[PDB]
Amino acid sequence: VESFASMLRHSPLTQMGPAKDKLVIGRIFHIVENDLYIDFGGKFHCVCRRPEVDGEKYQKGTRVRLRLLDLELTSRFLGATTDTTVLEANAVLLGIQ
Amino acid sequence: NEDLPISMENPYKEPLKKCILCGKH
Amino acid sequence: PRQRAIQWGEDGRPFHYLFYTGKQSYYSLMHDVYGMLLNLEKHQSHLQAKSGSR
Amino acid sequence: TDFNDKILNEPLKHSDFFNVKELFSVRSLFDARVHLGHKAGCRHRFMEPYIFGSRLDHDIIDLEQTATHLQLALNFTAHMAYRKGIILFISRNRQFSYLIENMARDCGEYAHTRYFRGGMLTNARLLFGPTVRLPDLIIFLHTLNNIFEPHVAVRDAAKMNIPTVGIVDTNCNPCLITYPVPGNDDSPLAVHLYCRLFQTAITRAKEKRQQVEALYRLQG
Amino acid sequence: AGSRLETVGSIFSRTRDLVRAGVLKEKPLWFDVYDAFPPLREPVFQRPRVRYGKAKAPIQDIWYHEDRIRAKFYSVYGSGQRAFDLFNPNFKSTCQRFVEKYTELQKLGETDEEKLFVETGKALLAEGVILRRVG
Amino acid sequence: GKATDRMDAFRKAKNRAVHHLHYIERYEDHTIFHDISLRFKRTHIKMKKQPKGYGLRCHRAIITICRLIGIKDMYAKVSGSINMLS
Ligand SMILES: [Zn+2]
Ligand SMILES: [Zn+2]
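Residues numbered from 1 in each chain as written, not as in the entry; some residues may be left out. Chains lettered and ligands numbered in written order. Part of a larger assembly, values for the part shown. Heavy atoms only, no water.

- Looking at the entry header, you'll see cryo-EM listed as the method and 2.97 Å as the resolution.

- Looking at the PDB entry, one finds chain F named 28S ribosomal protein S5, mitochondrial, with Homo sapiens as its source organism.
- Anyone opening this PDB entry will find it titled "Structure of the human mitochondrial ribosome-EF-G1 complex (ClassI)".

- Looking up chain D in the PDB entry gives the name 28S ribosomal protein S2, mitochondrial, with the organism given as Homo sapiens.
- Under the UniProt heading Subcellular location, the note attached to chain D is "Mitochondrion".
- In UniProt, chain D has this text filed under Sequence similarities: "Belongs to the universal ribosomal protein uS2 family." (UniProt positions renumbered as here; feature names shortened; annotations may be inferred.)

What follows is the structure, given as structure tokens:
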């Protein structure tokens, strides 16, 4: 009896509303000894560099806090028929858990 | 059934920024 | 010189998995070293969580 | 041999011989983040009747016609591998190039997530040798590569009369694809679903071949 | 294999006309697999165009009253102390609980929105959760 | 085809033409169905439908390619530019 509208009407991405200054939790899936790719959810993921404090604490599978900005964040140019996609979210990190 | 999308006034819109002297003479 | 062996039989299916790409052994070795790299990364993560020649 | 061709055309009369209905669920596709899409500016032209609506400049791919076109694509790839077919995963993407190549090796298939040169499947008479059996089926999990431009393998497939079952998202060109299906292909947990559904299709096509080999071997 | 003209149209009709001619005396297997289970649209080649004039995109959006409720909630208060967990399909955050309380109070029978809003606020304050708002 | 020698150019043209084929539906294998009035670049070609009791009042190359295809009764008319490939 479950249709399609009721599936995304109660979806978290529709409950959060706008993606501007929202407290979201994420996980770590890949580290390139410099960046902490946080996969909070959705289509893309967030990126951030290693902070000066708690460097060894953030490992693969660390629950942190993010401000959650634009999910895709794209912008068209002058002479471009379409806009490019960076596949990045870029959210400001807050604290631990 | 009654969960169809309705095109309304489109919320999530903050008041546009005005000038620093628009409200004065 | 070392003649190139035949990788396909009478049925037509090649014997190597990564054959429809020009280079087969090079890409297989690349896949193997990438697997070894990710295995070493997983082993290093597990170790951190559970604490002449040319 | 007429008996060898009659046993192959028997499951064609059935609307769902392999039973590909219980492989997915109406609720499992929602938890895997499939209905998601890009922005409203990067939306391709041939992508209007495949989108249910927008959610703050975010198109939502409808799962109603998605599951309809998905079962018609899985059933098409099932009968190909059943009659000694050759598949090829061509998806130039630098994020999951390891999981795609291993699923084709464990099941005895073929993958191609590397750089595409020039005269591969087109000029096969002076590259791989004299006569080479070209793959009669190419699976495009990621149509757009790392430059945002339609790949050349989908253009050369229709040239040599070769079908292609690809996964079109919202910024591709689903014109030369004979079995398109609107669906996201950029989420980490989403691409693991399509890669596993294609693995289960092999376990019901080539592994199910033994069920019909014993029927013809009774005579000699 | 056969005709190398992909700009004409779909491959099904071209292969059918090539087999019906007499130059290719071999029935393809993929052709039989295709005609055994036809899809819904022939893969024809259509040259993309660019919109001009009054031609727009006939793609409707998705909006509800809950969006306006959450907008008013964010304008009055702001972000809650609970973090959104997108991994849980049925994750009830602060905004979801707020809109559920709002709709279950509206189902009664009142016309003033400010009274319902302050009633929901007092109810959520006296329940247990304390929304640390700004001054 | 394009090459340096005549025989090599002919061989290249044949090898490229044996791989590029089309298909034309014919009414009774002598005349096409309806009449088409289309244009290509600056070559306005227009043909009609003729019964079995009619000759071939088309261009030399047009008559040649229609005999190669299988058309025996057709009346065409070209105007504007006089280009072969177009
Ligand atoms: Zn002003
Ligand atoms: Zn792509």
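Having seen the model, we can carry on.
**Side note on the overall build of chain D**
Here is step 1: A tally of helices and strands in chain D yields seven helices and six strands.
Here is step 2: The linear arrangement of helices and strands in chain D, starting from the amino end, is α-α-β-β-α-β-α-β-β-α-β-α-α.
Here is step 3: Against the globule reference of 17 Å for 220 residues, chain D gives a C-alpha radius of gyration of 18 Å, in line with a compact fold.
Here is step 4: Dimensions of chain D, computed from C-alpha atoms along their principal axes, come out at roughly 65 × 45 × 30 Å.
Here is step 5: When the 220 residues of chain D are sorted by exposure, 58% land in the buried category. (Helix = DSSP H or I, 4+ residues; strand = E, 2+ residues; numbered from the N terminus. Rg over C-alpha atoms; globule rule 2.2 N^0.38 Å. Buried < 20%, exposed > 50% of the residue type's maximum accessible area, 1.4 Å probe, protein only.)

**Topic: the interface of chain E and chain D**
Here is step 1: Listed as interface residues are 39 residues of chain E and, on the opposing side, 37 residues of chain D.
Here is step 2: Here chain E meets chain D over a buried area of about 3500 Å², counting both sides, of which 61% is carbon and sulfur.
Here is step 3: At the junction of chain E and chain D, the tally comes to three salt bridges.
Here is step 4: Those elements that provide at least two residues to the side of chain E that touches chain D are helix 1 (11-21), helix 2 (29-36) and helix 3 (65-76) of chain E.
Here is step 5: Looking at which element gives the most residues to the side of chain E that touches chain D, the answer is helix 2 of chain E, with six residues.
Here is step 6: Among the residues making up the side of chain E that touches chain D, the classes are represented as 23 nonpolar, six polar and 10 charged. (Contact = heavy atoms within 4.5 Å. Buried area = accessible area lost by both parts, 1.4 Å probe. Salt bridge = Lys/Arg side-chain N within 4 Å of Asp/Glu carboxyl O. Nonpolar A, V, L, I, M, F, W, Y, C, P; charged D, E, K, R; others polar.)

**Topic: the coordination of the zinc ion (ligand 1)**
Here is step 1: The protein atoms donating to the zinc ion (ligand 1) are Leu21(B) (N) and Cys22(B) (N), with metal-donor distances spanning 2.3 to 2.5 Å. Assigned by exposure class, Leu21(B) and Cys22(B) land together as exposed. (Donors = N, O, S within 2.8 Å, 3.2 Å for Na, K, Ca; no water.)

**Structural notes on the pattern of salt bridges**
Here is step 1: Scanning the model with the defined rule gives 21 salt bridges over all chains in all.
Here is step 2: Residues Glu101(D) and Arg114(D) are paired through a salt bridge, measuring 3.4 Å at the closest nitrogen-oxygen approach. Of the two residues, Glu101(D) is situated in helix 4 (residues 97-106) and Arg114(D) in the loop between strand 4 (111-112) and strand 5 (138-140); the sequence distance between them amounts to 13 residues.
Here is step 3: You can call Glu101(D) buried: its relative accessible area is 4%.
Here is step 4: Two residues, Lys92(E) and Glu100(E), come together in a salt bridge whose shortest N-O distance is 4.0 Å.
Here is step 5: Ionic contacts of the salt-bridge type, sharing partners, join the residues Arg9(A), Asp3(B) and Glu66(E) into one network.

**Let's talk about the packing of helix 3 (residues 64-82) of chain D against helix 2 of chain E**
Here is step 1: The N-to-C vectors of helix 3 of chain D and helix 2 of chain E enclose an angle of 145°; their axes lie 10 Å apart at closest approach. In terms of crossing hand, the pair formed by helix 3 of chain D and helix 2 of chain E is right-handed. Residues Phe76(D), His79(D) and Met80(D) of helix 3 of chain D form the contact with helix 2 of chain E, whose own contacting residues are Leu29(E), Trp30(E), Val33(E) and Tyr34(E).
Here is step 2: Each residue belonging to the contact of helix 3 of chain D with helix 2 of chain E can be placed in one class, and the counts come to six nonpolar, one polar and no charged. (Axes fitted to C-alpha atoms, helices over the stretch in contact; angles between N-to-C directions. Left-handed = near helix turned anticlockwise from the far one by under 90°.)

**Overview of the packing of helix 3 of chain E against helix 4 (residues 94-106) of chain E**
Residue and element names in this part refer to chain E.
Here is step 1: One can describe the packing of helix 3 onto helix 4 by two numbers: an axis separation of 10 Å at closest approach and a directional angle of 115°. Crossing of helix 3 against helix 4: the hand is right-handed. Counted together, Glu 66, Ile 69, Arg 70, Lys 72, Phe 73 and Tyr 74 of helix 3 and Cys 95, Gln 96, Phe 98, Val 99 and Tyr 102 of helix 4 form the full contact between these two elements.
Here is step 2: For the contact of helix 3 with helix 4, a count of residues per class yields seven nonpolar, one polar and three charged.

**Overview of the interface of chain B and chain E**
Here is step 1: Taken together, the contact pairs nine residues of chain B with 10 residues of chain E.
Here is step 2: Together chain B and chain E conceal approximately 890 Å² of surface at their shared face, both sides included; 68% is due to carbon and sulfur atoms.
Here is step 3: The three residues of chain B that bury the most area against chain E are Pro5(B), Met8(B) and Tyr12(B), which together make up 56% of that side's buried surface.
Here is step 4: Joining chain B to chain E, the criterion identifies zero salt bridges.

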